[PDB]
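Containing PDB, C-alpha atoms: final-v8.pdb.
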ATOM      1  CA  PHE A   1      81.131  93.988 103.008
ATOM      2  CA  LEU A   2      83.415  91.361 101.455
ATOM      3  CA  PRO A   3      82.267  87.729 101.508
ATOM      4  CA  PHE A   4      82.955  86.005 104.834
ATOM      5  CA  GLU A   5      83.351  89.339 106.692
ATOM      6  CA  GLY A   6      82.422  89.506 110.375
ATOM      7  CA  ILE A   7      82.537  85.719 110.868
ATOM      8  CA  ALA A   8      83.684  84.243 114.177
ATOM      9  CA  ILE A   9      86.870  82.186 114.195
ATOM     10  CA  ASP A  10      85.649  79.976 117.028
ATOM     11  CA  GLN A  11      82.750  78.152 115.398
ATOM     12  CA  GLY A  12      81.262  77.339 112.051
ATOM     13  CA  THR A  13      81.952  74.944 109.227
ATOM     14  CA  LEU A  14      83.628  75.972 105.954
ATOM     15  CA  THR A  15      83.257  73.867 102.844
ATOM     16  CA  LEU A  16      84.813  73.931  99.363
ATOM     17  CA  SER A  17      83.216  72.039  96.474
ATOM     18  CA  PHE A  18      84.428  71.149  92.990
ATOM     19  CA  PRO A  19      81.737  70.474  90.358
ATOM     20  CA  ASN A  20      81.861  67.488  87.963
ATOM     21  CA  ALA A  21      84.428  65.715  90.155
ATOM     22  CA  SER A  22      83.594  61.994  89.890
ATOM     23  CA  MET A  23      85.543  59.979  87.318
ATOM     24  CA  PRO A  24      82.934  57.183  86.824
ATOM     25  CA  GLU A  25      80.859  59.829  85.085
ATOM     26  CA  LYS A  26      82.913  61.887  82.654
ATOM     27  CA  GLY A  27      83.690  65.033  84.618
ATOM     28  CA  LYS A  28      85.486  68.121  83.348
ATOM     29  CA  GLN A  29      87.437  68.328  86.614
ATOM     30  CA  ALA A  30      88.491  64.670  87.202
ATOM     31  CA  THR A  31      91.936  65.561  85.872
ATOM     32  CA  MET A  32      92.202  68.971  87.604
ATOM     33  CA  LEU A  33      91.445  67.329  90.948
ATOM     34  CA  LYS A  34      94.024  64.572  90.662
ATOM     35  CA  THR A  35      96.781  67.185  90.414
ATOM     36  CA  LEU A  36      96.040  68.696  93.877
ATOM     37  CA  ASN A  37      98.467  68.223  96.757
ATOM     38  CA  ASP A  38      96.136  70.199  99.048
ATOM     39  CA  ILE A  39      93.855  73.236  99.351
ATOM     40  CA  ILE A  40      95.216  76.473 100.794
ATOM     41  CA  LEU A  41      93.302  79.104 102.704
ATOM     42  CA  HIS A  42      94.499  82.657 103.073
ATOM     43  CA  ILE A  43      92.550  83.996 106.007
ATOM     44  CA  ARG A  44      92.672  87.671 106.824
ATOM     45  CA  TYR A  45      91.173  88.232 110.262
ATOM     46  CA  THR A  46      90.661  91.134 112.697
ATOM     47  CA  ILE A  47      91.387  91.319 116.395
ATOM     48  CA  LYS A  48      89.619  93.727 118.760
TER      49      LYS A  48
ATOM     50  CA  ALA B   1      71.972 101.307 109.136
ATOM     51  CA  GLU B   2      71.187  99.938 112.589
ATOM     52  CA  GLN B   3      71.805  96.444 111.320
ATOM     53  CA  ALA B   4      75.141  97.300 109.639
ATOM     54  CA  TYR B   5      76.167  98.822 112.969
ATOM     55  CA  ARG B   6      75.022  95.744 114.936
ATOM     56  CA  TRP B   7      77.214  93.812 112.498
ATOM     57  CA  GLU B   8      80.352  95.972 112.578
ATOM     58  CA  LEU B   9      80.554  95.451 116.318
ATOM     59  CA  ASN B  10      79.601  92.001 117.556
ATOM     60  CA  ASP B  11      77.111  93.733 119.844
ATOM     61  CA  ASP B  12      73.712  92.608 118.606
ATOM     62  CA  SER B  13      71.789  93.891 121.621
ATOM     63  CA  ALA B  14      72.119  97.437 120.232
ATOM     64  CA  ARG B  15      68.835  99.332 119.995
ATOM     65  CA  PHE B  16      69.215 102.784 118.463
ATOM     66  CA  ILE B  17      65.840 103.194 116.776
ATOM     67  CA  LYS B  18      62.764 103.185 118.981
ATOM     68  CA  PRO B  19      59.159 103.403 117.913
ATOM     69  CA  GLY B  20      57.787 105.740 117.003
ATOM     70  CA  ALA B  21      58.737 109.141 115.595
ATOM     71  CA  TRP B  22      55.534 109.213 113.544
ATOM     72  CA  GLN B  23      52.291 109.954 115.335
ATOM     73  CA  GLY B  24      48.721 109.257 114.263
ATOM     74  CA  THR B  25      47.448 112.393 115.913
ATOM     75  CA  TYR B  26      49.660 115.273 114.719
ATOM     76  CA  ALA B  27      50.883 115.139 111.132
ATOM     77  CA  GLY B  28      53.531 112.697 112.116
ATOM     78  CA  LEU B  29      55.682 115.820 111.889
ATOM     79  CA  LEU B  30      59.025 115.794 113.564
ATOM     80  CA  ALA B  31      59.236 112.143 112.539
ATOM     81  CA  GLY B  32      62.155 113.059 110.334
ATOM     82  CA  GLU B  33      63.825 115.271 112.908
ATOM     83  CA  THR B  34      63.422 112.510 115.542
ATOM     84  CA  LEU B  35      64.901 109.842 113.239
ATOM     85  CA  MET B  36      67.897 112.025 112.486
ATOM     86  CA  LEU B  37      68.429 112.363 116.232
ATOM     87  CA  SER B  38      68.542 108.611 116.639
ATOM     88  CA  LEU B  39      70.931 108.364 113.641
ATOM     89  CA  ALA B  40      73.128 111.048 115.214
ATOM     90  CA  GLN B  41      73.214 108.946 118.418
ATOM     91  CA  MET B  42      74.154 105.821 116.421
ATOM     92  CA  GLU B  43      77.025 107.641 114.788
ATOM     93  CA  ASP B  44      78.178 109.052 118.127
ATOM     94  CA  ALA B  45      78.214 105.650 119.848
ATOM     95  CA  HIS B  46      79.880 104.215 116.754
ATOM     96  CA  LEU B  47      82.699 106.729 116.769
ATOM     97  CA  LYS B  48      83.288 106.300 120.478
ATOM     98  CA  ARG B  49      83.341 102.500 119.966
ATOM     99  CA  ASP B  50      85.554 102.397 116.788
ATOM    100  CA  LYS B  51      89.049 100.863 117.021
ATOM    101  CA  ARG B  52      91.992 100.660 114.598
ATOM    102  CA  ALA B  53      92.109  96.940 115.367
ATOM    103  CA  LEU B  54      94.947  94.442 115.032
ATOM    104  CA  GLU B  55      94.740  93.407 111.386
ATOM    105  CA  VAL B  56      96.309  89.967 110.993
ATOM    106  CA  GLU B  57      96.743  87.213 108.385
ATOM    107  CA  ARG B  58      96.973  83.472 108.983
ATOM    108  CA  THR B  59      97.529  80.864 106.278
ATOM    109  CA  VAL B  60      96.191  77.283 106.560
ATOM    110  CA  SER B  61      96.627  74.127 104.440
ATOM    111  CA  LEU B  62      93.792  71.622 104.390
ATOM    112  CA  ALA B  63      96.138  68.637 104.078
ATOM    113  CA  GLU B  64      97.912  69.576 107.259
ATOM    114  CA  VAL B  65      94.565  69.807 109.016
ATOM    115  CA  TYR B  66      93.305  66.479 107.712
ATOM    116  CA  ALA B  67      96.538  64.692 108.631
ATOM    117  CA  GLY B  68      96.546  66.417 112.039
ATOM    118  CA  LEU B  69      93.276  64.962 113.401
ATOM    119  CA  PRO B  70      93.670  62.919 116.589
ATOM    120  CA  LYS B  71      94.037  59.120 116.451
ATOM    121  CA  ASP B  72      90.457  58.474 117.641
ATOM    122  CA  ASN B  73      89.023  60.585 114.850
ATOM    123  CA  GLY B  74      89.916  59.479 111.303
ATOM    124  CA  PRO B  75      92.751  61.494 109.680
ATOM    125  CA  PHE B  76      94.039  61.194 106.107
ATOM    126  CA  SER B  77      96.421  62.401 103.442
ATOM    127  CA  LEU B  78      94.446  64.730 101.225
ATOM    128  CA  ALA B  79      95.932  63.916  97.839
ATOM    129  CA  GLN B  80      95.228  60.220  98.273
ATOM    130  CA  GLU B  81      91.639  60.467  99.417
ATOM    131  CA  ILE B  82      90.885  63.003  96.642
ATOM    132  CA  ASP B  83      92.293  60.619  94.030
ATOM    133  CA  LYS B  84      90.425  57.614  95.517
ATOM    134  CA  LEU B  85      87.163  59.517  95.766
ATOM    135  CA  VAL B  86      87.432  60.809  92.205
ATOM    136  CA  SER B  87      87.855  57.232  90.940
ATOM    137  CA  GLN B  88      84.773  55.858  92.763
ATOM    138  CA  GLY B  89      81.587  57.831  93.326
ATOM    139  CA  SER B  90      81.308  56.011  96.656
ATOM    140  CA  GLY B  91      84.287  57.368  98.574
ATOM    141  CA  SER B  92      84.203  59.279 101.885
ATOM    142  CA  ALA B  93      86.860  60.331 104.392
ATOM    143  CA  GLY B  94      87.397  61.936 107.785
ATOM    144  CA  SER B  95      85.479  62.481 111.020
ATOM    145  CA  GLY B  96      82.286  64.523 111.167
ATOM    146  CA  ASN B  97      82.658  68.277 110.494
ATOM    147  CA  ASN B  98      86.141  67.707 108.975
ATOM    148  CA  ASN B  99      84.954  65.284 106.279
ATOM    149  CA  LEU B 100      85.652  65.025 102.561
ATOM    150  CA  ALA B 101      82.862  63.551 100.449
ATOM    151  CA  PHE B 102      80.511  63.955  97.487
ATOM    152  CA  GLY B 103      77.570  66.358  97.625
ATOM    153  CA  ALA B 104      74.336  65.447  99.411
ATOM    154  CA  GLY B 105      71.930  67.493  97.333
ATOM    155  CA  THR B 106      70.367  66.447  94.043
ATOM    156  CA  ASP B 107      72.343  68.987  91.928
ATOM    157  CA  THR B 108      75.607  68.504  93.752
ATOM    158  CA  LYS B 109      75.914  64.703  93.884
ATOM    159  CA  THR B 110      78.611  64.633  91.204
ATOM    160  CA  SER B 111      80.523  67.431  92.975
ATOM    161  CA  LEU B 112      83.286  66.718  95.552
ATOM    162  CA  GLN B 113      83.651  68.808  98.695
ATOM    163  CA  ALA B 114      86.164  69.330 101.455
ATOM    164  CA  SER B 115      85.154  70.497 104.892
ATOM    165  CA  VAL B 116      86.949  72.078 107.858
ATOM    166  CA  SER B 117      85.764  73.416 111.217
ATOM    167  CA  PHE B 118      87.154  76.772 112.277
ATOM    168  CA  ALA B 119      87.010  75.350 115.766
ATOM    169  CA  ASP B 120      89.549  72.667 115.031
ATOM    170  CA  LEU B 121      91.870  75.282 113.575
ATOM    171  CA  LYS B 122      92.076  76.785 117.083
ATOM    172  CA  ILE B 123      93.270  80.090 115.661
ATOM    173  CA  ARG B 124      92.679  81.742 119.051
ATOM    174  CA  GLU B 125      95.911  80.003 119.966
ATOM    175  CA  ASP B 126      97.882  82.293 117.636
ATOM    176  CA  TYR B 127      97.705  85.285 119.942
ATOM    177  CA  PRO B 128      97.057  85.487 123.639
ATOM    178  CA  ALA B 129      93.740  86.975 124.688
ATOM    179  CA  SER B 130      94.158  89.769 125.818
ATOM    180  CA  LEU B 131      94.605  91.468 123.423
ATOM    181  CA  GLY B 132      91.933  89.883 121.294
ATOM    182  CA  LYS B 133      88.505  89.193 122.736
ATOM    183  CA  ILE B 134      86.641  89.160 119.429
ATOM    184  CA  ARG B 135      88.013  87.813 116.224
ATOM    185  CA  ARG B 136      86.427  88.759 112.890
ATOM    186  CA  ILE B 137      87.445  87.400 109.493
ATOM    187  CA  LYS B 138      88.125  90.294 107.145
ATOM    188  CA  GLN B 139      88.672  88.426 103.916
ATOM    189  CA  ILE B 140      89.120  84.962 102.529
ATOM    190  CA  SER B 141      91.247  84.136  99.465
ATOM    191  CA  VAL B 142      91.969  80.637  98.100
ATOM    192  CA  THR B 143      95.162  79.149  96.612
ATOM    193  CA  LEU B 144      95.123  75.742  94.909
ATOM    194  CA  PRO B 145      98.413  73.900  94.329
TER     195      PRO B 145
ATOM    196  CA  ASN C   1     114.163  99.656 128.926
ATOM    197  CA  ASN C   2     116.382  98.047 126.238
ATOM    198  CA  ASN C   3     115.745  94.536 127.597
ATOM    199  CA  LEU C   4     114.655  91.317 125.921
ATOM    200  CA  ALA C   5     112.570  88.860 128.030
ATOM    201  CA  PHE C   6     109.337  86.940 128.623
ATOM    202  CA  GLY C   7     105.974  88.574 129.216
ATOM    203  CA  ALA C   8     104.926  90.134 132.509
ATOM    204  CA  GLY C   9     101.213  89.478 132.178
ATOM    205  CA  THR C  10      99.559  86.111 132.706
ATOM    206  CA  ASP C  11      98.648  85.830 128.989
ATOM    207  CA  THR C  12     102.016  86.767 127.608
ATOM    208  CA  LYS C  13     104.271  84.716 129.930
ATOM    209  CA  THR C  14     105.275  82.276 127.202
ATOM    210  CA  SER C  15     105.621  85.080 124.663
ATOM    211  CA  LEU C  16     109.116  86.554 124.102
ATOM    212  CA  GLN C  17     109.594  90.284 123.607
ATOM    213  CA  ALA C  18     112.268  92.866 122.654
ATOM    214  CA  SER C  19     112.259  96.466 123.842
ATOM    215  CA  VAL C  20     113.927  99.786 122.860
ATOM    216  CA  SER C  21     113.678 103.436 123.949
ATOM    217  CA  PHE C  22     113.324 105.955 121.160
ATOM    218  CA  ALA C  23     115.715 108.102 123.190
ATOM    219  CA  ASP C  24     118.644 105.714 122.965
ATOM    220  CA  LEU C  25     118.265 105.729 119.206
ATOM    221  CA  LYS C  26     119.213 109.433 119.059
ATOM    222  CA  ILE C  27     117.270 109.875 115.839
ATOM    223  CA  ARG C  28     117.335 113.612 116.469
ATOM    224  CA  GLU C  29     121.039 113.430 115.651
ATOM    225  CA  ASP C  30     120.299 112.612 112.049
ATOM    226  CA  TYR C  31     119.296 116.172 111.234
ATOM    227  CA  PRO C  32     120.276 119.453 112.844
ATOM    228  CA  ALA C  33     117.642 121.622 114.491
ATOM    229  CA  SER C  34     116.884 124.006 112.731
ATOM    230  CA  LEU C  35     115.254 122.786 110.634
ATOM    231  CA  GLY C  36     113.417 120.359 112.863
ATOM    232  CA  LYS C  37     112.006 121.373 116.221
ATOM    233  CA  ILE C  38     109.239 118.789 116.348
ATOM    234  CA  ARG C  39     109.583 115.211 115.241
ATOM    235  CA  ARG C  40     106.484 113.022 114.722
ATOM    236  CA  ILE C  41     106.336 109.376 113.599
ATOM    237  CA  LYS C  42     104.206 109.027 110.448
ATOM    238  CA  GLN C  43     104.230 105.267 110.037
ATOM    239  CA  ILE C  44     105.875 102.126 111.304
ATOM    240  CA  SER C  45     106.558  99.096 109.111
ATOM    241  CA  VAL C  46     108.362  95.958 110.276
ATOM    242  CA  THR C  47     110.765  93.765 108.288
ATOM    243  CA  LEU C  48     112.045  90.539 109.794
ATOM    244  CA  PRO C  49     115.037  88.837 108.202
ATOM    245  CA  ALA C  50     113.994  85.356 109.238
ATOM    246  CA  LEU C  51     113.592  82.324 107.043
ATOM    247  CA  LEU C  52     110.268  80.551 107.051
ATOM    248  CA  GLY C  53     108.934  77.749 104.861
ATOM    249  CA  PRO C  54     106.070  78.425 102.410
ATOM    250  CA  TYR C  55     102.589  78.554 103.990
ATOM    251  CA  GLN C  56     104.019  79.733 107.322
ATOM    252  CA  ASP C  57     103.034  82.903 109.156
ATOM    253  CA  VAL C  58     104.743  85.211 111.617
ATOM    254  CA  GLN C  59     102.785  86.187 114.690
ATOM    255  CA  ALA C  60     103.911  89.442 116.267
ATOM    256  CA  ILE C  61     102.823  92.622 118.025
ATOM    257  CA  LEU C  62     104.265  96.135 118.125
ATOM    258  CA  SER C  63     103.506  98.050 121.310
ATOM    259  CA  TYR C  64     104.141 101.507 122.709
ATOM    260  CA  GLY C  65     104.482 101.987 126.437
ATOM    261  CA  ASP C  66     103.045 105.415 127.219
ATOM    262  CA  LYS C  67      99.780 105.493 125.283
ATOM    263  CA  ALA C  68      99.859 109.030 126.728
ATOM    264  CA  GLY C  69      98.909 110.496 123.412
ATOM    265  CA  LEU C  70      95.777 108.762 122.375
ATOM    266  CA  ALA C  71      94.353 107.155 119.293
ATOM    267  CA  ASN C  72      92.046 104.195 119.420
ATOM    268  CA  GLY C  73      93.818 100.931 118.801
ATOM    269  CA  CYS C  74      96.736 102.734 117.202
ATOM    270  CA  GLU C  75      99.006 101.768 120.109
ATOM    271  CA  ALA C  76      99.278  98.275 118.618
ATOM    272  CA  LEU C  77     100.407  96.890 115.286
ATOM    273  CA  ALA C  78     100.120  93.241 114.283
ATOM    274  CA  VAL C  79     102.777  91.816 111.941
ATOM    275  CA  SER C  80     102.214  88.542 110.122
ATOM    276  CA  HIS C  81     103.778  89.237 106.687
ATOM    277  CA  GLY C  82     107.266  89.516 108.158
ATOM    278  CA  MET C  83     108.936  90.848 105.002
ATOM    279  CA  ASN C  84     108.448  94.589 104.645
ATOM    280  CA  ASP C  85     104.913  95.331 105.706
ATOM    281  CA  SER C  86     103.015  98.006 107.456
ATOM    282  CA  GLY C  87     100.786  96.557 110.104
ATOM    283  CA  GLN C  88      97.249  95.969 108.869
ATOM    284  CA  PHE C  89      95.858  95.139 105.395
ATOM    285  CA  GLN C  90      96.314  97.458 102.465
ATOM    286  CA  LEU C  91      98.043 100.505 103.955
ATOM    287  CA  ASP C  92      96.290 103.746 103.213
ATOM    288  CA  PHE C  93      97.579 107.273 103.409
ATOM    289  CA  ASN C  94      94.834 109.780 102.562
ATOM    290  CA  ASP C  95      92.939 107.467 104.875
ATOM    291  CA  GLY C  96      90.409 109.449 106.879
ATOM    292  CA  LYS C  97      91.860 107.801 109.991
ATOM    293  CA  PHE C  98      95.308 108.111 111.650
ATOM    294  CA  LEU C  99      97.760 105.262 111.102
ATOM    295  CA  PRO C 100      99.032 103.294 114.100
ATOM    296  CA  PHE C 101     101.980 105.007 115.790
ATOM    297  CA  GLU C 102     101.195 108.372 114.164
ATOM    298  CA  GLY C 103     101.977 111.553 116.066
ATOM    299  CA  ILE C 104     104.435 109.948 118.467
ATOM    300  CA  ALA C 105     107.466 111.905 119.578
ATOM    301  CA  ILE C 106     110.841 110.516 118.537
ATOM    302  CA  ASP C 107     112.434 111.610 121.829
ATOM    303  CA  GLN C 108     110.713 109.362 124.370
ATOM    304  CA  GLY C 109     108.899 106.083 124.885
ATOM    305  CA  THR C 110     109.418 102.351 124.806
ATOM    306  CA  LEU C 111     108.593 100.278 121.764
ATOM    307  CA  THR C 112     108.071  96.557 122.239
ATOM    308  CA  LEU C 113     107.718  93.610 119.894
ATOM    309  CA  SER C 114     106.433  90.305 121.024
ATOM    310  CA  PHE C 115     106.346  86.847 119.450
ATOM    311  CA  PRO C 116     103.767  84.560 121.136
ATOM    312  CA  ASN C 117     104.541  80.897 121.947
ATOM    313  CA  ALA C 118     108.274  81.598 122.102
ATOM    314  CA  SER C 119     109.451  79.223 124.825
ATOM    315  CA  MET C 120     110.958  75.999 123.540
ATOM    316  CA  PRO C 121     110.738  74.093 126.878
ATOM    317  CA  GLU C 122     106.994  74.462 126.479
ATOM    318  CA  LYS C 123     105.985  73.547 122.936
ATOM    319  CA  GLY C 124     105.935  76.768 120.958
ATOM    320  CA  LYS C 125     104.867  77.336 117.382
ATOM    321  CA  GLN C 126     107.485  80.022 116.903
ATOM    322  CA  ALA C 127     110.486  78.387 118.616
ATOM    323  CA  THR C 128     111.962  77.262 115.319
ATOM    324  CA  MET C 129     111.107  80.528 113.550
ATOM    325  CA  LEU C 130     112.831  82.521 116.275
ATOM    326  CA  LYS C 131     116.089  80.576 116.051
ATOM    327  CA  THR C 132     116.395  81.609 112.390
ATOM    328  CA  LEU C 133     116.294  85.328 113.305
ATOM    329  CA  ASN C 134     119.390  87.432 112.861
ATOM    330  CA  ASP C 135     117.577  90.559 114.084
ATOM    331  CA  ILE C 136     114.459  92.712 113.980
ATOM    332  CA  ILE C 137     114.329  95.582 111.469
ATOM    333  CA  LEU C 138     112.150  98.671 111.811
ATOM    334  CA  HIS C 139     111.244 101.000 109.004
ATOM    335  CA  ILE C 140     110.260 104.163 110.836
ATOM    336  CA  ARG C 141     108.814 107.047 108.890
ATOM    337  CA  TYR C 142     108.871 110.348 110.685
ATOM    338  CA  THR C 143     107.944 113.999 110.142
ATOM    339  CA  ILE C 144     109.899 117.202 110.704
ATOM    340  CA  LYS C 145     108.218 120.604 111.144
TER     341      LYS C 145
END
Show me this structure written as structure tokens.
Amino acid sequence: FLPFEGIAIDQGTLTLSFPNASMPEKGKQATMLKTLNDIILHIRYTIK
Amino acid sequence: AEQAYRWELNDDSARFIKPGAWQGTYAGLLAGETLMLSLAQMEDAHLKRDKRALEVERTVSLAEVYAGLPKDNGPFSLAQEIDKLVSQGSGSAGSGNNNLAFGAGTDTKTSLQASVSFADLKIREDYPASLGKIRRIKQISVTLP
Amino acid sequence: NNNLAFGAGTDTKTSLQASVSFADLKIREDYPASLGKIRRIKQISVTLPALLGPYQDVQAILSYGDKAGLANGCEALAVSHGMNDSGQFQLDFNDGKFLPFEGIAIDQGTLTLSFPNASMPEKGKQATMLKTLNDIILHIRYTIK
């Protein structure tokens, strides 16, 4: 089974995290995060 | 195999393997034959219950979701709060279950995370039910602009 | 039988649908018989010349009226891609299973396509997307033997 298979659309909480994000501490991704307009999810779901 | 079946259909009350094929008295013979009967039953019920379902894709942008929260709850523009929260370790944004903040755990404190509830997406609104009574996510793939 | 209107059922009242009879298409007129005495539909793929903004999805359903011939769940095809796509995720011939709309006779039936949330008077996600439409285009793959 692929990750996230079989999950119900109705409930749950999905989270996306980026490591080394804070700028106060030198973080590899401080720059890569500032570029983002948004995050985009491509959800392929099944109806039956 | 029983579990993978109880997963492929949402039906979790499925009981296809009953104790016990093996017997203390007797060799425990016919245990194998008995099991393969139950497996044959599982496959039969499975084939009768299989459906070439409606396979559908829906695309969702987090920013749209964050901006779309009702007035009572706290909505935001994603780009801004990301930038703000990168600059100060302190930052946080959004109502519970649709929040954006830094990680709680000891390893993940420096990491920044976005959160969405599938509930708030209200994807059931895309198609009338009927047809769909059960909606299963086949695959998730992420695009980052 | 070649009408375009709102849904009959309680769920699909707001949804707008188009309908055609395979008969009126006279697809049998494309090729003389002989060779072909029996004509079976191998696969249906829908292309919609409609203009949608990035990160926008079509919601639609292909239906067949009779369901006289059977297959499970193959009576219905969900289209979200909108540019040439078979229903479902990666299309597979040499698939152990029959594709939706396989085995159907070209001569009879009623094929229907519905777009949910079509009414503009009531707020509908696809009202704008529908106004862009010039038409609906069907790629029908059939078999002669």
- Task: For chain A, list the residues within 10 Å of chain C, counting only C-alpha atoms, and write the list as a ChimeraX atom specification.
- Result: /A:40-42,44-48
- Just so the selection is clear, what residues does the ChimeraX specification (/A :<8) & /B cover here, as a ChimeraX atom specification? /B:7-8,51,53-63,78-79,82-83,85-89,97,108,110-119,122-124,131-145
- Step by step, work through what the PyMOL selection byres ((chain C) within 10 of (chain B)) selects in the shown file, and finish by giving those residues as a VMD selection string. chain C and resid 9 to 15 54 to 62 71 to 81 87 to 90 97 to 100 115 to 117 125 to 126
Resulting file, chosen residues, C-alpha atoms, as a compact mmCIF listing (two decimals), keeping the file's coordinate frame:
# COMPACT_ATOMS: atom_id res chain seq x y z
CA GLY C 9 101.21 89.48 132.18
CA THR C 10 99.56 86.11 132.71
CA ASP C 11 98.65 85.83 128.99
CA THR C 12 102.02 86.77 127.61
CA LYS C 13 104.27 84.72 129.93
CA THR C 14 105.28 82.28 127.20
CA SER C 15 105.62 85.08 124.66
CA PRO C 54 106.07 78.42 102.41
CA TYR C 55 102.59 78.55 103.99
CA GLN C 56 104.02 79.73 107.32
CA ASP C 57 103.03 82.90 109.16
CA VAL C 58 104.74 85.21 111.62
CA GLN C 59 102.78 86.19 114.69
CA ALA C 60 103.91 89.44 116.27
CA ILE C 61 102.82 92.62 118.02
CA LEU C 62 104.26 96.14 118.12
CA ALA C 71 94.35 107.16 119.29
CA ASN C 72 92.05 104.20 119.42
CA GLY C 73 93.82 100.93 118.80
CA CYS C 74 96.74 102.73 117.20
CA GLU C 75 99.01 101.77 120.11
CA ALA C 76 99.28 98.28 118.62
CA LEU C 77 100.41 96.89 115.29
CA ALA C 78 100.12 93.24 114.28
CA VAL C 79 102.78 91.82 111.94
CA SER C 80 102.21 88.54 110.12
CA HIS C 81 103.78 89.24 106.69
CA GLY C 87 100.79 96.56 110.10
CA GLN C 88 97.25 95.97 108.87
CA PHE C 89 95.86 95.14 105.40
CA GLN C 90 96.31 97.46 102.46
CA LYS C 97 91.86 107.80 109.99
CA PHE C 98 95.31 108.11 111.65
CA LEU C 99 97.76 105.26 111.10
CA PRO C 100 99.03 103.29 114.10
CA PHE C 115 106.35 86.85 119.45
CA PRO C 116 103.77 84.56 121.14
CA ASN C 117 104.54 80.90 121.95
CA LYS C 125 104.87 77.34 117.38
CA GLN C 126 107.48 80.02 116.90
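The interatomic distance for the pair atom CA of residue C:142 and atom CA of residue C:18 works out to 21.5 Å.
Using only C-alpha atoms, the protein and nucleic acid residues lying at most 10 Å from the point (62.7, 108.2, 110.8) are residues 17, 18, 19, 20, 21, 22, 30, 31, 32, 33, 34, 35, 36, 37, 38 and 39 of chain B.
The two atoms in question, atom CA of residue B:43 and atom CA of residue C:70, are spaced 20.3 Å apart.
Taking atom CA of residue C:86 as the reference point, atom CA of residue B:5 is found at 27.4 Å.
When the PyMOL selection byres ((chain C and resi 110) around 6) is run on the displayed coordinates, the residues it returns are residues 20, 21, 64, 65, 109 and 111 of chain C.
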Counting all atoms listed in the file, which residues sit no farther than 10 Å from the position (109.6, 109.6, 121.5) in the file's frame? I'd like them as a PDB file with C-alpha atoms, in the coordinates of the input.
ATOM      1  CA  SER C  21     113.678 103.436 123.949  1.00  0.00           C
ATOM      2  CA  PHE C  22     113.324 105.955 121.160  1.00  0.00           C
ATOM      3  CA  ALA C  23     115.715 108.102 123.190  1.00  0.00           C
ATOM      4  CA  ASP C  24     118.644 105.714 122.965  1.00  0.00           C
ATOM      5  CA  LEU C  25     118.265 105.729 119.206  1.00  0.00           C
ATOM      6  CA  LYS C  26     119.213 109.433 119.059  1.00  0.00           C
ATOM      7  CA  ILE C  27     117.270 109.875 115.839  1.00  0.00           C
ATOM      8  CA  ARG C  39     109.583 115.211 115.241  1.00  0.00           C
ATOM      9  CA  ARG C  40     106.484 113.022 114.722  1.00  0.00           C
ATOM     10  CA  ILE C  41     106.336 109.376 113.599  1.00  0.00           C
ATOM     11  CA  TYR C  64     104.141 101.507 122.709  1.00  0.00           C
ATOM     12  CA  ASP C  66     103.045 105.415 127.219  1.00  0.00           C
ATOM     13  CA  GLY C 103     101.977 111.553 116.066  1.00  0.00           C
ATOM     14  CA  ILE C 104     104.435 109.948 118.467  1.00  0.00           C
ATOM     15  CA  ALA C 105     107.466 111.905 119.578  1.00  0.00           C
ATOM     16  CA  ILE C 106     110.841 110.516 118.537  1.00  0.00           C
ATOM     17  CA  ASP C 107     112.434 111.610 121.829  1.00  0.00           C
ATOM     18  CA  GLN C 108     110.713 109.362 124.370  1.00  0.00           C
ATOM     19  CA  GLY C 109     108.899 106.083 124.885  1.00  0.00           C
ATOM     20  CA  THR C 110     109.418 102.351 124.806  1.00  0.00           C
ATOM     21  CA  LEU C 111     108.593 100.278 121.764  1.00  0.00           C
TER      22      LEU C 111
END
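Distance annotation: of C:101, C:145, C:138, C:127, the residue with the minimal separation from residue C:31 is C:145; atom set is only C-alpha atoms.
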Step by step, gather every atom of stretch 91-99 of chain C that the file lists, find the box along x, y and z that holds them, add 5 Å on each side, and finally give centre and edge lengths in Å to one decimal, as JSON.
{"center_x": 94.2, "center_y": 105.1, "center_z": 107.1, "size_x": 17.6, "size_y": 19.3, "size_z": 19.1}
